[PDB]
Amino acid sequence: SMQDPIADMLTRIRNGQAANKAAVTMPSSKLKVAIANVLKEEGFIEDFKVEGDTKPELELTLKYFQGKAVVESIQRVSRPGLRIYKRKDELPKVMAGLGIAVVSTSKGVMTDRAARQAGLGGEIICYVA
Amino acid sequence: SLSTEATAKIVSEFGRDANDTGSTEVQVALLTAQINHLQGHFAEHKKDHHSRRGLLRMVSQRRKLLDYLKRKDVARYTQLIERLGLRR
Amino acid sequence: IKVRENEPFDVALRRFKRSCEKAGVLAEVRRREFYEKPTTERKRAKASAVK
Amino acid sequence: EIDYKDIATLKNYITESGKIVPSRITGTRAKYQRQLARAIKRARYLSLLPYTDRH
Amino acid sequence: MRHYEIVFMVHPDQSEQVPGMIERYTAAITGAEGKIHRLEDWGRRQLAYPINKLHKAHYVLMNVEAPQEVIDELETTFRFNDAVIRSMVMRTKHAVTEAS
RNA sequence: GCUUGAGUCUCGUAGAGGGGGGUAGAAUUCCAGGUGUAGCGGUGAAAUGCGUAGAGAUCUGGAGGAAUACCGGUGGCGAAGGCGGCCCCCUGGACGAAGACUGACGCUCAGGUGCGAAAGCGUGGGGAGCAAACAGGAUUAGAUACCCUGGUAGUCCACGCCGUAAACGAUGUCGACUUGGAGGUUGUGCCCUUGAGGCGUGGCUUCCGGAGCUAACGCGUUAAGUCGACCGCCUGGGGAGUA
Ligand SMILES: [Mg+2]
Ligand SMILES: [Mg+2]
Ligand SMILES: [Mg+2]
Ligand SMILES: [Mg+2]
Ligand SMILES: [Mg+2]
Ligand SMILES: [Mg+2]
Ligand SMILES: [Mg+2]
Ligand SMILES: [Mg+2]
Ligand SMILES: [Mg+2]
Ligand SMILES: [Mg+2]
Ligand SMILES: [Mg+2]
Ligand SMILES: [Mg+2]
Ligand SMILES: [Mg+2]
Ligand SMILES: [Mg+2]
């Protein structure tokens, strides 16, 4: 039933945001981390944090610009029921360029801006603008 | 619903030490034991349709747990059903 | 139900009857059985008696 | 409440008629109003309390 | 081994048999190594309503710990026996003493 | 391999949860009798009906079946159906408090299987009250009705059928996330127990209400909000859930 963690991230964010909430936690995983990275690196959140050894624990700091939140929309795109894989020439570009799409390639979890540069493709995890 | 006395005795009989309560092999035997008991309950009555739901449940469980063990250690499995006496 | 009411007073003084029987359980049982509709009937004795 | 043999404590939870008294009158808690009934019923069956002012 | 409250009411005329009965039911229960935590020969008490015609009747409270088996035969002998006009074996939840 | 998902173990708690056996009081009808005497009953008004073989009314003693007043409650329990006197026996689930075991053993589920109100069917039984059918009396233009006097199946038990209901929250199951307020219910930790309590921390529930959602009504931490997994189903009305 907890069969898609990444959606739970995308949503713990989405919600916590719409609830003008500063913090947010969840059980972690290499895959969660690699994404939190891109979210920080590309600057949709302040910074993350994983506190624990036995039962690791992602922690994310939400950014807020003006009154609004920085993440205007965080949406799953691949998923257990139906998985997605675009090549390189067919990778998606969110909001015409603004905002971005997380994508896991054989050379790690990057953005579409990235993968395009890397010259390769992968599984488009989610969209974020 | 199956005396502490008896319930304990089986944990004692199927797992490592007592305390090894949740060992696969042990649950299966703990269920088995209740199921077989229950037969006499439903012998009389038979109309006790509600209680019956719990018993079927009992079996759905064991069945599931028994399949898991098989996938793990088919040795611990074979030993087990001989020992309890089921599958025919 | 019962009133001793000893010496001085010819006034009935049985207001106790408006404390249980009479149109109490007696208007109740008088007629249409009911059966599950009282459920609905009493679901207004509370949809009201909330305020 | 605690017991049906307590026809003493019990007798102030019924009307002259013998009918159990609603909880909305007695201010009694919930859990206990049941204990109370179930012990008035016991009292009644053991001819320890009338069902009825008819006796 | 389960406890029970247990109380029966013997017909007045047959009052004189109440002793022999208690004596008996006890030897019966203790017989199967069961304790006898309370006993109270309330004697002739007056009734709330008349029952079987006749008012007043000989009561006997009596808490016990004994197997769900002697409890059985008790409940029936209370039927077999016309002198007892009521009985009622009850709850349990550990022994009791004194009350009343 | 891991321990948090899921299981197992200890102790308890609440409960119209289920199956079986006993048993209680009140009422109705009936049988027998005491007293009593010309009406009772029923309606909107009436009549059919009942009563001088003594009715109704009152008292007493019985017989029998059916349901369990008060408690009783936006109370509780169960997967749904649905489950209310009391007691014992047998039994299912739920919950909570400690820690201890198992180590992903899970979620969902076409097909399949089981369950499944009332009516209805088969066999024996049982039959007080109620009551399709039917009969009589009224109303009415008519009255195959609604009202009245009767009353059979049925309603009750056993066993076996049927498998349907506006079987509804008209809202599939599971999981995660998201401001509040006032209750009801039921566990459990702590506090001069010094209050009939004081602050916590679970499960369940009722009423309001915020974002959000909605065609709107409305829903709103028990979502109709934000998300995922799986299943069922919809594709204009009629025809037809018919051939
Ligand atoms: Mg994974
Ligand atoms: Mg009678
Ligand atoms: Mg009579
Ligand atoms: Mg239980
Ligand atoms: Mg069936
Ligand atoms: Mg039927
Ligand atoms: Mg029949
Ligand atoms: Mg009629
Ligand atoms: Mg249908
Ligand atoms: Mg409904
Ligand atoms: Mg609230
Ligand atoms: Mg609302
Ligand atoms: Mg939803
Ligand atoms: Mg058809």
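The structure reproduced in this document is the subject of the present report.

Rules used throughout
- Counting starts from 1 on each chain and goes along its sequence as written, which need not follow the entry numbering; residues with no coordinates are hidden.
- Chains carry letters from A onward and ligands carry numbers from 1 onward, assigned in written order.
- This view covers only part of a larger assembly, and the values given relate to that part.
- Side-chain descriptors were evaluated using all non-hydrogen atoms of the structure, hydrogens and water having been removed beforehand.
- Residues with missing side-chain atoms are left out of burial classes, side-chain pairs and their counts.
- The criterion used for residue contact is that any of the two residues' heavy atoms lie within 4.5 Å.
- Put simply, buried area is the surface a 1.4 Å probe can reach on two separate parts but cannot reach once they are joined, added for both.
- Within this document, salt bridges are pairs made up of a side-chain nitrogen of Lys or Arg and a carboxyl oxygen of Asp or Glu, the two lying within 4 Å of each other.
- Put simply, DSSP marks the helices as runs of H or I at least four residues long and the strands as runs of E at least two long, and each gets a number from the N terminus on.
- Each residue gets one of three labels from its accessible area relative to the maximum for its type: buried under 20%, exposed over 50%, partly exposed in between, using a 1.4 Å probe on protein chains only.
- In this charge count, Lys and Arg are treated as positive and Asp and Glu as negative; neither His nor the chain ends contribute.

Regarding the arrangement of the chains
- Ranking the two pairs of chains in contact by number of contacts places chains D and E first.
- Between chain A and chain B there is no contact; the minimum C-alpha to C-alpha separation amounts to 18 Å.
- Considering only C-alpha positions, the minimal separation of the non-contacting chain B and chain C is 24 Å.

Things to note about the interface of chain D and chain C
- The interface is formed by five residues belonging to chain D together with four residues belonging to chain C.
- At the boundary of chain D with chain C, total buried surface from both sides reaches about 350 Å², with 52% on carbon and sulfur atoms.
- Area buried by chain D at its contact with chain C is led by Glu16, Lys19 and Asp53 of chain D, which between them contribute 76% of it.
- Linking chain D to chain C there are one salt bridge.

Description of the side chain of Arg42 of chain D
- With respect to the helices and strands, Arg42 of chain D occurs in helix α3 (residues 30-45).
- The buried charged residue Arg42 of chain D lacks any salt bridge, with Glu5 of chain E as its nearest oppositely charged partner at 6.1 Å.
- In this view, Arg42 of chain D contacts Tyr4 of chain D together with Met88, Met90 and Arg91 of chain E; residues no more than four positions away in its chain are not counted.

Overview of the environment of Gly121 of chain A
Residues and elements named next belong to chain A.
- Along the polypeptide, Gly121 turns up in the loop between α3 (112-118) and β7 (122-128).
- Each C-alpha atom, one on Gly121 and one on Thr105, is 5.8 Å from the other, the two residues being 16 residues apart in sequence.
- If near-sequence neighbours (up to four positions away) are discounted, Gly121 is found in contact with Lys86, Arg87, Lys88, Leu91, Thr105 and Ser106.

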